[PDB]
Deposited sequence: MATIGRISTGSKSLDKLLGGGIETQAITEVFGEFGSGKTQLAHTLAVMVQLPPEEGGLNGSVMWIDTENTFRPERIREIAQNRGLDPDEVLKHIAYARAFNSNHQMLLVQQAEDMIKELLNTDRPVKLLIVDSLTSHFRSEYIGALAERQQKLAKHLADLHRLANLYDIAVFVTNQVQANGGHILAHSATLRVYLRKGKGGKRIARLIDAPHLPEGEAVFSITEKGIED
């Protein structure tokens, strides 16, 4: 398949990304608590449902939530201010809460079943969100870094296999603050550092110019 791109909702961020986040790729956004990573996830879950003329892929979404941070009412607001029907947008997001890191790993295998089911339809899965990818692994493997890295590595390999095999954009969030961080090392296809700036602006930079945007009723925008 050719590489598809999903607009983020921000012209600035899209330019930094070469058009949007890519299918057949893992995009990792990392930054401190409150930097806006989950707002970007919510916005992408709407944008991907637009036609390509508007920066989408007519795609379905699968969302793995590790922190109980998915908000359907926020999806509704973004959809209504992106000219989409909110009920339809929500009906094309498959949602699951991961109870721990082992369940999170099983959910990725379960996602493949729904991906296969939708593959030849008019609304194939085009976006898989894992928010937050690292939170359970971090809490469960305190004092056991070597074992944590083994399990994360297999989890990321599973996500890569899905991105490439099924032409999906995988979007993952990672909280990194004071003294913290191996990030995801070099595993993601693309690492995006997100931070708060003056006056509530958000600033994004590729790791390995900068885009600036705001969180609004449209999700994010310039």
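Mapping the modelled residues onto the deposited sequence reveals missing stretches at 1, 210-215.
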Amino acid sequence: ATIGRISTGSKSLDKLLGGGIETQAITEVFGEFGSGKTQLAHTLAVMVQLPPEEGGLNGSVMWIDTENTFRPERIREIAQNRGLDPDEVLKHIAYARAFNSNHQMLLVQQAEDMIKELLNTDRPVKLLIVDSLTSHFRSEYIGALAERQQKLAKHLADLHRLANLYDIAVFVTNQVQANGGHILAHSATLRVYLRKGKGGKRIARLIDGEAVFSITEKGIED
From here on, numbers count along this sequence of modelled residues.
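Think of the rigid core as the biggest set of C-alphas that the two forms share within 1.5 Å after superposition.
For 172-180 versus 65-73, the mean Cα distance to the shown form in 8 other deposited structures of this protein after rigid core alignment is larger for 172-180.
For the pair 51-59 and 165-173, the record assigns the higher mean C-alpha temperature factor to 51-59. Note on 119-127 vs 140-148: mean CA B-factor is higher in 140-148.
Take 153, 40, 192, 46 and read off each C-alpha B-factor from the entry; 153 has the highest. When the modelled residues of the chain are ordered by their C-alpha B factor, residue 110 lands in the highest third. In this PDB entry, residue 30 carries a Cα temperature factor that places it within the lowest third of its chain's modelled residues. In the PDB entry, a CA B factor belonging to the highest third of its chain's modelled residues is recorded for residue 84. In this PDB entry, residue 17 carries a Cα temperature factor that places it within the highest third of its chain's modelled residues. Annotation for residue 97: CA B-factor lies in the highest third of the chain's modelled residues.
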